[PDB]
There are 6 protein chains.
Amino acid sequence: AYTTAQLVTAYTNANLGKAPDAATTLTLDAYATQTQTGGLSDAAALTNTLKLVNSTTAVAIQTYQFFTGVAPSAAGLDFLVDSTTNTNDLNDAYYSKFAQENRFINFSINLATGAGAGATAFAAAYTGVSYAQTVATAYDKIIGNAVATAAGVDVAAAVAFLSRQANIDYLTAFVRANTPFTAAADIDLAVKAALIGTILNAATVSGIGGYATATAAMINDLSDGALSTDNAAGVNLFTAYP
Amino acid sequence: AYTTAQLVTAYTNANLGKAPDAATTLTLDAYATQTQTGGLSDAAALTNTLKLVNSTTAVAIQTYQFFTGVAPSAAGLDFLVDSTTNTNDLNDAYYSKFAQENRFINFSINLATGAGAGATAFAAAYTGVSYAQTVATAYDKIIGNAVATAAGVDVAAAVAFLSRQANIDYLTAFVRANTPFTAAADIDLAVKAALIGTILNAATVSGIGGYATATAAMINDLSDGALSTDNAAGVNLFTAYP
Amino acid sequence: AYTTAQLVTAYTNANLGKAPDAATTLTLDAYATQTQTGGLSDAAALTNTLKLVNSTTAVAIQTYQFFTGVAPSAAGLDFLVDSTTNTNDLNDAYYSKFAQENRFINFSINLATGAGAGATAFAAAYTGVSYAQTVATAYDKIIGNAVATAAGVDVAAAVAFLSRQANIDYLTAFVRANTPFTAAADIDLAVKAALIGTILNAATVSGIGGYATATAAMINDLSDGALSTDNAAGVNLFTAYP
Amino acid sequence: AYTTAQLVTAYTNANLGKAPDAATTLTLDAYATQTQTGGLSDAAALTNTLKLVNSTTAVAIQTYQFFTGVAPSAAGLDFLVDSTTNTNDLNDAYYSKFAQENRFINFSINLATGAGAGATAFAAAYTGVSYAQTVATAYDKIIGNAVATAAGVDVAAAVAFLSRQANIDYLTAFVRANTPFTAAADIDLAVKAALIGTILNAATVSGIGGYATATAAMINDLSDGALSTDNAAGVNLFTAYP
Amino acid sequence: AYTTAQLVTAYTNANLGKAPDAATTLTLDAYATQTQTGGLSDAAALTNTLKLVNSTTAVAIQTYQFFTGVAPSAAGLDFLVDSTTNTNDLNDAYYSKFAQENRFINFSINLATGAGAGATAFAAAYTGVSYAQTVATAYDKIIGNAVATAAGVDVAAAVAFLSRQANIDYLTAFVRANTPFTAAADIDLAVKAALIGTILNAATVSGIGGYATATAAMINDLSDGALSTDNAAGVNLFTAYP
Amino acid sequence: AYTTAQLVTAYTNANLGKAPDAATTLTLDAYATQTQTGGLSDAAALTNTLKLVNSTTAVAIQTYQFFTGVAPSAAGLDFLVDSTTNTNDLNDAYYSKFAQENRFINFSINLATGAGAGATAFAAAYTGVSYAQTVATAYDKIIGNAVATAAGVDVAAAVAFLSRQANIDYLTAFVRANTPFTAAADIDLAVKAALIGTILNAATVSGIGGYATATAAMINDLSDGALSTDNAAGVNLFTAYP
Ligand SMILES: CC(=O)N[C@H]1[C@H](O)[C@H](O)[C@@H](O[C@@H]2[C@H](O)[C@H](O[C@@H]3[C@H](O)[C@@H](O[C@@H]4[C@H](O)[C@@H](O[C@@H]5[C@H](O)[C@H](O[C@@H]6[C@H](O)[C@@H](O)O[C@H](C)[C@H]6NC(C)=O)O[C@H](CO)[C@H]5O)O[C@H](C)[C@H]4NC(C)=O)O[C@H](C)[C@H]3NC(C)=O)O[C@H](CO)[C@H]2O)O[C@@H]1C
Ligand SMILES: CC(=O)N[C@H]1[C@H](O)[C@H](O)[C@@H](O[C@@H]2[C@H](O)[C@H](O[C@@H]3[C@H](O)[C@@H](O[C@@H]4[C@H](O)[C@@H](O[C@@H]5[C@H](O)[C@H](O[C@@H]6[C@H](O)[C@@H](O)O[C@H](C)[C@H]6NC(C)=O)O[C@H](CO)[C@H]5O)O[C@H](C)[C@H]4NC(C)=O)O[C@H](C)[C@H]3NC(C)=O)O[C@H](CO)[C@H]2O)O[C@@H]1C
Ligand SMILES: CC(=O)N[C@H]1[C@H](O)[C@H](O)[C@@H](O[C@@H]2[C@H](O)[C@H](O[C@@H]3[C@H](O)[C@@H](O[C@@H]4[C@H](O)[C@@H](O[C@@H]5[C@H](O)[C@H](O[C@@H]6[C@H](O)[C@@H](O)O[C@H](C)[C@H]6NC(C)=O)O[C@H](CO)[C@H]5O)O[C@H](C)[C@H]4NC(C)=O)O[C@H](C)[C@H]3NC(C)=O)O[C@H](CO)[C@H]2O)O[C@@H]1C
Ligand SMILES: CC(=O)N[C@H]1[C@H](O)[C@H](O)[C@@H](O[C@@H]2[C@H](O)[C@H](O[C@@H]3[C@H](O)[C@@H](O[C@@H]4[C@H](O)[C@@H](O[C@@H]5[C@H](O)[C@H](O[C@@H]6[C@H](O)[C@@H](O)O[C@H](C)[C@H]6NC(C)=O)O[C@H](CO)[C@H]5O)O[C@H](C)[C@H]4NC(C)=O)O[C@H](C)[C@H]3NC(C)=O)O[C@H](CO)[C@H]2O)O[C@@H]1C
Ligand SMILES: CC(=O)N[C@H]1[C@H](O)[C@H](O)[C@@H](O[C@@H]2[C@H](O)[C@H](O[C@@H]3[C@H](O)[C@@H](O[C@@H]4[C@H](O)[C@@H](O[C@@H]5[C@H](O)[C@H](O[C@@H]6[C@H](O)[C@@H](O)O[C@H](C)[C@H]6NC(C)=O)O[C@H](CO)[C@H]5O)O[C@H](C)[C@H]4NC(C)=O)O[C@H](C)[C@H]3NC(C)=O)O[C@H](CO)[C@H]2O)O[C@@H]1C
Ligand SMILES: CC(=O)N[C@H]1[C@H](O)[C@H](O)[C@@H](O[C@@H]2[C@H](O)[C@H](O[C@@H]3[C@H](O)[C@@H](O[C@@H]4[C@H](O)[C@@H](O[C@@H]5[C@H](O)[C@H](O[C@@H]6[C@H](O)[C@@H](O)O[C@H](C)[C@H]6NC(C)=O)O[C@H](CO)[C@H]5O)O[C@H](C)[C@H]4NC(C)=O)O[C@H](C)[C@H]3NC(C)=O)O[C@H](CO)[C@H]2O)O[C@@H]1C
Ligand SMILES: CC(=O)N[C@H]1[C@H](O)[C@H](O)[C@@H](O[C@@H]2[C@H](O)[C@H](O[C@@H]3[C@H](O)[C@@H](O[C@@H]4[C@H](O)[C@@H](O[C@@H]5[C@H](O)[C@H](O[C@@H]6[C@H](O)[C@@H](O)O[C@H](C)[C@H]6NC(C)=O)O[C@H](CO)[C@H]5O)O[C@H](C)[C@H]4NC(C)=O)O[C@H](C)[C@H]3NC(C)=O)O[C@H](CO)[C@H]2O)O[C@@H]1C
Ligand SMILES: [Ca+2]
Ligand SMILES: [Ca+2]
Ligand SMILES: [Ca+2]
Ligand SMILES: [Ca+2]
Ligand SMILES: [Ca+2]
Ligand SMILES: [Ca+2]
Ligand SMILES: [Ca+2]
Ligand SMILES: [Ca+2]
Ligand SMILES: [Ca+2]
Ligand SMILES: [Ca+2]
Ligand SMILES: [Ca+2]
Ligand SMILES: [Ca+2]
Ligand SMILES: [Ca+2]
Ligand SMILES: [Ca+2]
Ligand SMILES: [Ca+2]
Ligand SMILES: [Ca+2]
Ligand SMILES: [Ca+2]
Ligand SMILES: [Ca+2]
């Protein structure tokens with residue numbers, strides 16, 4: 001049985017010191033009532049509670065792991081999500097106008113293009129590759145073909161939907177109108193990051209794939225208040241939480 | 001085997017001293033015959049007998065528990081349902097023109113708006129929340145998403161039906177024409193109580209959810225004549241009947 | 001193996017001394033042949049043999065039990081069905097123009113209206129009750145909601161069919177044109193008896209319900225020639241044959 | 001393994017000394033080959049061999065059993081089917097123009113009307129009975145309602161088909177144009193025999209019912225050459241072959 | 001594992017010294033490869049290898065067995081299929097223009113009409129029999145009604161298809177234009193042989209029936225090079241290979 | 001768990017010293033990630049890794065085995081796929097314009113026509129055989145009728161599709177416009193090689209058949225770097241890898 005005070009504290013640690021909104025408080029309150037009435041197990045309530053921090057914390061963990069090869073530390077997560085020194089962070093008015101999918105795309109573009117840490121690695125490996133191939137390889141890397149088929153979703157339809165011309169046209173307009181890029185090569189590279197960022201958003205929403213499971217464990221690890229690993233140079237998701 | 005005299009006495013205690021109507025007497029008489037003919041078990045007949053007091057007793061128990069956080073005592077139930085000092089109570093001519101759903105809405109509006117005990121708590125928590133969010137959170141709090149899916153009903157369709165624009169338009173007309181409220185904020189808060197009151201009526205009619213099960217046990221506890229707990233400050237449903 | 005002589009004697013005792021008709025004799029003869037050829041068990045043949053006395057004996061037993069609260073005795077059954085002192089009885093030319101359903105309605109009207117034994121009790125309990133409620137309560141009392149659903153028949157459709165406006169219009173015309181009643185209250189009470197009488201006919205035709213099972217046992221008890229209980233003041237079906 | 005010589009001898013005894021036709025010889029020869037090739041068991045071949053004598057021997061056995069109450073003896077069967085003293089018998093040119101169904105009707109009319117042995121018994125029992133009732137009772141007596149439903153055939157459809165107005169119109173034309181009867185009562189009685197005769201033909205063709213099973217055993221008993229019972233006054237099928 | 005040299009030698013013995021054609025050699029070569037790759041068992045390859053000799057050897061065995069009552073010997077098979085003294089045999093240019101079905105019909109006509117060994121027996125038994133009866137009896141004799149139903153094919157449809165007016169019109173044209181017969185009786189008898197010959201072709205193509213199984217064993221017996229029985233007066237298929 | 005360095009080395013040995021392309025590197029990288037995240041077993045990743053060398057290595061192994069009767073050695077594979085002395089090999093700019101199916105056809109034409117090693121054997125066996133027969137025999141030889149049916153694919157539809165007139169018209173145009181052949185016999189022989197080459201491409205794409213399984217084992221054997229057999233005169237696939 002979870003009290004509403006316990007759930008909001010777990011959410012606060014997962015959200016890194018940010019108090020829940022009034023609407024989210026009612027959702028957390030509903031979860032607490034279900035546990036007391038025998039309608040929801042203790043483990044299920046916590047997982048649902050930690051599922052509300054997807055747009056604010058899971059975006060920071062997953063984008064760094066794919067691009068920079070390592071997830072940010074507790075101090076790095078604190079700076080990115082909710083910090084006093086960072087005026088523009090994930091849960092402030094600067095990002096308040098974005099959705100979950102747009103937030104994933106923004107970090108993907110920033111990391112792979114310009115002054116991002118993984119920008120040089122992204123350009124070397126993702127050059128000379130078509131849009132369809134990038135989607136196909138990223139989908140297998142993030143979610144996986146075997147795992148997705150076992151879960152029930154159709155891989156062939158999902159890959160085609162993500163690589164449709166409508167998605168490409170919208171993303172290239174998003175890159176050109178927003179990013180300070182105008183060359184064909186620079187725009188082409190940035191669209192690839194946007195395509196990958198969409199896949200990352202799809203994986204965390206559905207919860208299927210190695211990336212989605214790994215970031216869930218890290219959020220659960222951070223839920224109690226202190227990260228168990230908390231490595232200074234970053235936490236490798238795949239080896240910290242096998 | 002239940003005699004018709006036993007069933008009406010159980011109903012009278014559940015209805016708090018009110019004699020059954022002539023139509024309800026035939027329904028109770030039919031239940032007694034089925035038990036004697038081996039067509040209905042003793043436990044099933046009593047549960048069906050206590051299912052006829054939904055509009056007169058279960059409304060008082062459930063509305064107080066959700067809003068004030070505690071169910072009324074035996075003396076409090078007596079005053080609300082059938083008392084000599086209370087000229088206008090649930091089973092008199094004042095409420096004789098209402099249906100089951102309208103009765104649930106009336107207590108919800110009275111408790112959450114004006115001089116209700118839980119009015120101050122309701123305003124603090126349910127401010128800045130949209131209509132769709134209030135329905136979604138209340139449905140999970142009262143009935144529950146996991147329990148409803150297991151029972152067979154579709155949660156997604158049920159929530160959309162309860163939050164349709166037709167329901168909102170009818171409820172806001174009900175609030176404005178009946179309640180002494182004219183400000184946008186006051187009307188908006190009252191409609192939220194009406195939306196929650198509809199959910200409470202849905203839960204007790206279908207019998208799915210923690211609230212429906214809890215109020216059934218309290219009515220069964222009151223059926224014999226004396227409430228087992230009968231706390232002076234109120235009976236907490238979720239801890240008295242786990 | 002049942003001989004045709006044995007079957008007609010069992011039918012005669014069930015019909016209370018009335019010899020079977022020529023058409024019914026062939027039906028009884030067919031049952032005897034099936035037992036000798038190994039196509040029908042001994043118990044099944046007797047039950048089918050006793051199923052042909054529904055319109056002449058089961059009508060007397062069931063109507064008295066529902067209205068007067070007790071089934072007629074062996075002497076009472078003899079007077080009602082086939083007696084020398086009673087010029088107008090069930091199996092004579094006076095009732096030869098009626099069907100099974102009409103026979104059930106006639107006793108229901110006679111008992112509940114006028115000089116019937118149960119007329120005073122029927123008026124006290126069945127006053128202020130709508131037609132739909134009377135059908136719903138009688139159907140549960142006679143057949144039962146749980147038993148009917150288990151058997152496979154749809155209760156919701158059956159109740160609506162029995163309470164349709166076409167049935168009410170036919171029955172009120174039957175009451176007004178036949179019974180010596182013209183007041184609204186007297187006609188309304190008589191139609192309720194007709195509605196109940198139709199339900200009794202439905203129960204005995206289909207064989208589902210406590211009433212149908214109980215009257216079958218009494219007919220089987222009377223089949224051998226002498227009733228086992230044969231109480232002077234009447235036989236209570238539900239306690240004599242649990 | 002049955003040789004073609006053995007099969008024709010079994011058929012000859014079943015047909016009471018009549019040699020098989022050239023077409024029937026090929027059918028018997030085909031049965032013999034199947035047994036030698038392992039495609040048909042010995043018991044199945046004999047039953048199929050004895051199924052070809054339906055129109056010549058099973059008609060004599062079944063009609064007498066239903067009407068006269070006893071099957072003909074071996075000498076009686078010999079006179080009826082194939083005898084030197086009887087110029088007009090079942091397997092001669094006199095009956096060579098009839099089919100299986102017409103042969104059954106002819107004996108039914110002869111036995112129940114005119115100088116038949118069972119004519120007086122048939123008139124006493126089958127007077128005052130409608131056509132539909134006669135078909136319904138005869139079908140239960142010969143085939144049976146329970147047995148037919150278990151086999152898979154629909155009793156309700158079969159009875160209605162046998163009692164259709166087209167069947168009655170054809171049969172009454174058959175009776176009037178052929179039998180020397182013109183009165184309404186005499187024609188009505190003869191049509192009842194024709195209706196029963198059709199049922200007997202249906203039972204032996206399909207092989208369902210006590211009559212069909214009983215006459216099959218008697219033919220099998222006669223197959224070896226000598227009847228085991230061979231009672232002088234007739235063989236009662238239901239007690240000789242339980 | 002079968003080598004391509006072994007398969008062609010088995011086919012040569014089955015074909016009685018005739019070397020396989022170039023097209024058939026590839027088919028035999030494909031069977032050998034499948035056994036070496038673990039895609040086909042040794043027994044299955046030999047049965048498929050012996051299934052290619054249907055039009056040249058199984059025609060001689062089956063037609064003699066049905067008509068003359070005995071299959072030809074090894075010397076008789078050698079003369080009929082592939083012999084130096086016989087200029088016109090089954091696998092030469094004389095029969096190179098015929099198909100499998102036409103080859104079966106040719107032997108049936110030759111044996112049952114003219115100077116055939118079984119011509120006198122065929123005329124005595126198959127006189128006075130209609131076309132439909134001949135097809136029905138031959139189908140039961142060759143394939144069998146019980147065996148065909150167990151295999152899954154519909155006997156009623158198959159018999160009607162083989163006895164359709166289109167088949168009769170084609171066969172009677174085949175008989176009249178080819179055979180030196182012009183009388184009605186002679187043509188009628190020859191068409192019956194053609195109808196039976198078609199059934200024999202159907203049985204060996206599908207592989208269902210006692211005849212098809214028996215001739216397969218004899219071909220398998222001849223496959224090694226020397227027939228095990230090799231009776232001088234002929235081999236009776238049904239007793240040599242039970 | 002496979003590292004991306006291990007997968008590319010396995011692919012390099014399978015591709016015989018050729019470094020993977022940038023697009024293929026991402027595919028190999030995705031396989032490595034899945035193994036580390038527990039979404040793909042070690043054996044499955046290697047098989048998928050070796051499935052990307054179908055167009056460059058499996059074409060050399062399979063075409064030689066079918067036509068020349070033996071697969072090329074490690075030195076022979078090195079010369080054909082990736083060698084310094086061979087300016088025009090499978091993975092250079094000379095073959096960079098072809099697809100997988102066209103590559104299979106090219107070797108089939110070269111080997112069976114002109115100066116190919118198996119040209120003389122192909123002409124001797126595949127002369128006087130129709131197009132439909134060649135497809136039917138090759139399909140059974142390469143994939144097999146029994147194996148294909150067990151896998152689920154329809155053999156009858158597949159053979160008809162491969163032998164359709166549209167396929168023949170395209171292939172004969174391919175032969176005439178490309179190969180230096182103009183005679184009817186030479187073109188006819190070359191089209192047969194093209195038809196077989198298409199079947200080989202179909203077998204390796206679907207992975208069904210003895211040829212597909214055998215060439216997979218040889219590629220797996222070559223994956224570690226050194227071939228286990230490495231016979232100087234060639235490796236017989238069916239006996240080296242049973
Ligand atoms: C392992 C670990 O724990 N490491 C930590 C360290 O130990 C240490 O504690 C600390 O570090 C930080 C961190 O590494 C930081 O990384 C940044 C960061 O990931 C990210 O930052 C953003 C960037 O500085 C910048 O913004 C603009 C802006 O997004 C703009 O986009 C427009 C615009 O918003 C408006 O017009 O709306 C449009 C729709 C929008 N367009 C799009 C496409 O979205 O776009 C431009 C061009 O893309 C972009 O430059 O400002 C943001 C506010 C900022 N975000 C946050 C949350 O702060 O990406 C950087 C590339 C990345 N830098 C490097 C280097 O990798 O870097 C600082 C140093 O600069 C470091 O101290 O934290 C570690 C995690
Ligand atoms: C724990 C426990 O056991 N406690 C008990 C105590 O120990 C003690 O024994 C005792 O207490 C009572 C009780 O707490 C009472 O609580 C009241 C009560 O819940 C409720 O009361 C109603 C209210 O006083 C009032 O009415 C009007 C009216 O409903 C009107 O609505 C119109 C109108 O009917 C007509 O026009 O038709 C329209 C369709 C209708 N509109 C709508 C929208 O329905 O609407 C106005 C505005 O909403 C409303 O004020 O009169 C009712 C007759 C009355 N109902 C009953 C059953 O009595 O709500 C009050 C807000 C609530 N008060 C407080 C405070 O919470 O309060 C009294 C003291 O006043 C107390 O003694 O019982 C405890 C249970
Ligand atoms: C426990 C036990 O065993 N008790 C027995 C006693 O110990 C004792 O042995 C003995 O008793 C009898 C019995 O109690 C009797 O009961 C009667 C009886 O149940 C019933 O009787 C009928 C009634 O007297 C009457 O008839 C008319 C008539 O039905 C008429 O209807 C018209 C008409 O037929 C024509 O126009 O066609 C129309 C279509 C039709 N209309 C309708 C609607 O059908 O309608 C009027 C008004 O309804 C009606 O009065 O005459 C009938 C012939 C008679 N039936 C039989 C079978 O006899 O109902 C009585 C109300 C009931 N009486 C009492 C009192 O309850 O009563 C006598 C004394 O009168 C008693 O000796 O048997 C016990 C079973
Ligand atoms: C256990 C359960 O749940 N059962 C239910 C079923 O599962 C099902 O859901 C529904 O099914 C029904 C049910 O089986 C039913 O049966 C009918 C019914 O019993 C009755 O129905 C009445 C009838 O159609 C009709 O009657 C007239 C009338 O009897 C008339 O007689 C006159 C008249 O009384 C007066 O003038 O006096 C005269 C002397 C008299 N003449 C006589 C007696 O000769 O005679 C005519 C024929 O000439 C007759 O049509 O109309 C009534 C309104 C109707 N009543 C109701 C309540 O509907 O009798 C039918 C013979 C009977 N049918 C069959 C078949 O048995 O059947 C329907 C058929 O669709 C079925 O759907 O409900 C169950 C409760
Ligand atoms: C127990 C036992 O074993 N008993 C045996 C005895 O011990 C003893 O061995 C011995 O007995 C016989 C037997 O009992 C016989 O029984 C006969 C017999 O069952 C049957 O006989 C037929 C009857 O005599 C008669 O014919 C005409 C004819 O059918 C005609 O019909 C016309 C006509 O054919 C033409 O116009 O075509 C029309 C389409 C056709 N119409 C129809 C409707 O079909 O119709 C008339 C009127 O119906 C009819 O009389 O002649 C037949 C040739 C004959 N059939 C045979 C097979 O012989 O029915 C008799 C009524 C019955 N008699 C008695 C008595 O029951 O009787 C003799 C004595 O007469 C007896 O020796 O065998 C015992 C079995
Ligand atoms: C048990 C055993 O092993 N016995 C063997 C012996 O021990 C001994 O070793 C030896 O015997 C042979 C064998 O018994 C032979 O039997 C023959 C044989 O079965 C068969 O022979 C055919 C017949 O002689 C004949 O031909 C014509 C021709 O078919 C013609 O048809 C035309 C024509 O082809 C053209 O116009 O095209 C048309 C489409 C075609 N029409 C049709 C309808 O097809 O039709 C006429 C009339 O039907 C026909 O006579 O010539 C054939 C070439 C020949 N076939 C072969 C394969 O040789 O049928 C004979 C009736 C049969 N004879 C007897 C007798 O039964 O007989 C010789 C002696 O003549 C004997 O030495 O082999 C035993 C098996
Ligand atoms: C068991 C083992 O390991 N053996 C090895 C040896 O031990 C030894 O190590 C070594 O041997 C080689 C090898 O045996 C070689 O075999 C060749 C080879 O299989 C193949 O070679 C091709 C051929 O020489 C040739 O080309 C043209 C060309 O393809 C042309 O096609 C046109 C053209 O490309 C353009 O116009 O586009 C068109 C679309 C196209 N048309 C079509 C239809 O595709 O077509 C003509 C006519 O078909 C053709 O001649 O040149 C190619 C570049 C070459 N391919 C490669 C990969 O090198 O087929 C030869 C017939 C075969 N030779 C013999 C002999 O069998 O032979 C050399 C000696 O010449 C030997 O040293 O390797 C062993 C495996
Ligand atoms: Ca913080
Ligand atoms: Ca901040
Ligand atoms: Ca932790
Ligand atoms: Ca009270
Ligand atoms: Ca009151
Ligand atoms: Ca209690
Ligand atoms: Ca009597
Ligand atoms: Ca009387
Ligand atoms: Ca008794
Ligand atoms: Ca005889
Ligand atoms: Ca005779
Ligand atoms: Ca016997
Ligand atoms: Ca030879
Ligand atoms: Ca020859
Ligand atoms: Ca052998
Ligand atoms: Ca190399
Ligand atoms: Ca090269
Ligand atoms: Ca190796």
# chains A, B, ... in the order shown; residues from 1 in each chain; ligands from 1
>>> residues_near_ligand(ligand="ligand 17", cutoff="8 Å", atoms="only C-alpha atoms and all ligand atoms", output="ChimeraX atom specification")
/D:15-18,78-79,81-84
>>> residues_around(residues="residue 161 (chain F)", least_positions_apart="6", cutoff="12 Å", atoms="only C-alpha atoms", output="list in words")
residues 132, 135, 136, 139, 154, 155, 167, 168, 195, 198, 199 and 202 of chain F
>>> closest_atom_pairs(of="chain E", to="chain D", cutoff="6 Å", atoms="only C-alpha atoms", output="tab-separated table")
residue	atom	partner	partner_atom	distance
E:129	CA	D:23	CA	5.6
E:137	CA	D:27	CA	5.4
E:140	CA	D:30	CA	5.8
E:141	CA	D:30	CA	4.2
E:210	CA	D:37	CA	5.3
>>> write_last_selection(atoms="C-alpha atoms", output="CSV table (one decimal), in the first residue's frame")
chain,number,residue,atom,x,y,z
E,129,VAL,CA,-26.5,-53.9,-67.2
E,137,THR,CA,-20.1,-51.7,-59.5
E,140,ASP,CA,-16.6,-50.4,-55.7
E,141,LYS,CA,-14.7,-53.4,-57.1
E,210,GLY,CA,-6.9,-52.6,-53.6
>>> select_by_dssp(residues="region 2-239 of chain A", states="helix (DSSP H, G or I)", output="NGL selection string")
:A and (4-14 or 22-36 or 42-67 or 74-81 or 100-112 or 119-125 or 131-142 or 145-151 or 155-162 or 165-178 or 184-206 or 210-223 or 237-239)
>>> closest_atom_pairs(of="chain E", to="ligand 6", cutoff="9 Å", atoms="only C-alpha atoms and all ligand atoms", output="CSV")
residue,atom,partner,partner_atom_place_in_ligand_line,distance
E:60,CA,ligand 6,19 (O),8.3
E:64,CA,ligand 6,19 (O),8.1
E:68,CA,ligand 6,66 (O),8.7
E:70,CA,ligand 6,1 (C),7.0
E:71,CA,ligand 6,1 (C),6.4
E:72,CA,ligand 6,3 (O),3.7
E:73,CA,ligand 6,3 (O),3.8
E:74,CA,ligand 6,3 (O),6.7
E:75,CA,ligand 6,9 (O),5.5
E:76,CA,ligand 6,3 (O),3.4
E:77,CA,ligand 6,75 (C),6.1
E:78,CA,ligand 6,9 (O),8.0
E:79,CA,ligand 6,73 (O),5.8
E:80,CA,ligand 6,57 (C),4.8
E:81,CA,ligand 6,57 (C),6.9
E:86,CA,ligand 6,58 (O),6.4
E:87,CA,ligand 6,53 (C),7.9
E:88,CA,ligand 6,53 (C),4.8
E:89,CA,ligand 6,57 (C),4.2
E:90,CA,ligand 6,57 (C),5.7
E:94,CA,ligand 6,34 (O),7.5
E:95,CA,ligand 6,34 (O),8.0
E:98,CA,ligand 6,39 (C),8.3
E:102,CA,ligand 6,44 (O),7.5
E:103,CA,ligand 6,44 (O),7.6
E:105,CA,ligand 6,44 (O),7.0
E:106,CA,ligand 6,44 (O),4.2
E:107,CA,ligand 6,59 (O),6.3
E:108,CA,ligand 6,59 (O),8.7
E:109,CA,ligand 6,48 (O),5.9
E:110,CA,ligand 6,61 (C),4.5
E:111,CA,ligand 6,61 (C),5.0
E:112,CA,ligand 6,61 (C),8.0
E:113,CA,ligand 6,48 (O),7.1
E:114,CA,ligand 6,61 (C),6.7
E:115,CA,ligand 6,61 (C),5.0
E:116,CA,ligand 6,66 (O),3.7
E:117,CA,ligand 6,66 (O),4.1
E:118,CA,ligand 6,66 (O),7.3
E:119,CA,ligand 6,66 (O),8.3
E:174,CA,ligand 6,43 (C),6.8
E:175,CA,ligand 6,43 (C),5.9
E:176,CA,ligand 6,43 (C),8.6
E:177,CA,ligand 6,41 (N),8.1
E:178,CA,ligand 6,41 (N),4.4
E:179,CA,ligand 6,43 (C),5.0
E:180,CA,ligand 6,47 (C),6.4
E:181,CA,ligand 6,47 (C),8.8
E:194,CA,ligand 6,43 (C),8.9
E:231,CA,ligand 6,3 (O),8.3
E:232,CA,ligand 6,3 (O),6.8
E:233,CA,ligand 6,1 (C),5.1
E:234,CA,ligand 6,1 (C),4.2
E:235,CA,ligand 6,1 (C),7.5
>>> residues_around(residues="residue 14 (chain A)", least_positions_apart="5", cutoff="9 Å", atoms="only C-alpha atoms", output="list in words")
residues 9, 50, 53, 57, 219, 220, 221, 222, 223, 224 and 225 of chain A
>>> write_last_selection(atoms="C-alpha atoms", output="short mmCIF file (atom, residue, chain, number, x, y, z; two decimals), in the first residue's frame")
data_model
loop_
_atom_site.label_atom_id
_atom_site.label_comp_id
_atom_site.auth_asym_id
_atom_site.auth_seq_id
_atom_site.Cartn_x
_atom_site.Cartn_y
_atom_site.Cartn_z
CA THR A 9 8.36 11.76 -3.32
CA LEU A 50 7.74 6.27 -12.97
CA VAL A 53 8.59 11.07 -16.07
CA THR A 57 14.01 12.28 -17.60
CA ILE A 219 14.80 5.70 -13.40
CA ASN A 220 13.78 3.06 -10.85
CA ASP A 221 17.32 3.17 -9.46
CA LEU A 222 17.07 6.97 -9.20
CA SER A 223 13.57 6.73 -7.68
CA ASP A 224 14.75 6.14 -4.11
CA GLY A 225 16.80 9.35 -4.17
#
